[PDB]
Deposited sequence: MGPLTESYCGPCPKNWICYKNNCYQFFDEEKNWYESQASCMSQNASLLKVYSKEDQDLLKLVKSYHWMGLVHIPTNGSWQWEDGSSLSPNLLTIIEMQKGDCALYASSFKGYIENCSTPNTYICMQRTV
């Protein structure tokens, strides 16, 4: 039924023990990556439809940590998680609902989602 969520920094949003923050500033992919890292975090990593099911409600497009495909940490993209759609020619990806990755020019300013997990 109920549970606690964490551990997370207190100004981060907690969902199924992952910590998220949304940034409304539009930045290119590298600036966004650096922004998350400066907060002991990374860009959004999509690893579970079940544990990240609220990603189905995302409004708009946001940078996630997927680059040309693998994640920031060097982990590969798991196969049955994202439908990858070409939007602009590019080497980075935007997350958008529902479980889509939209290929985007890495220089294009976009909002972004940061994520932390303490397993």
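| task | Counting from 1 along the deposited sequence, give me every gap where there's no C-alpha, start to finish. | result | In sequence order, the gaps with no modelled C-alpha are 1-4, 73-78.
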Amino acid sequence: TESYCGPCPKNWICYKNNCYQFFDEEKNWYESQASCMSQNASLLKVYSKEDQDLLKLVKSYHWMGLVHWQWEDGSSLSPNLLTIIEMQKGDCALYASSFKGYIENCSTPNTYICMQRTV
From here on, numbers count along this sequence of modelled residues.
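| query | Averaging C-alpha B-factors over each stretch, which comes out higher, 82-90 or 27-35? | reply | Taking the mean C-alpha B-factor of 82-90 and of 27-35, the larger value falls to 82-90.
| query | Is the mean CA B factor in the deposited entry higher across 71-79 or across 38-46? | reply | The deposited B-factors put 71-79 ahead on the C-alpha mean.
| query | Taking the C-alpha B-factors as the PDB entry records them, is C114 in the lowest, middle or highest third of its chain? | reply | According to the entry, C114 has a C-alpha B-factor in the chain's lowest third.
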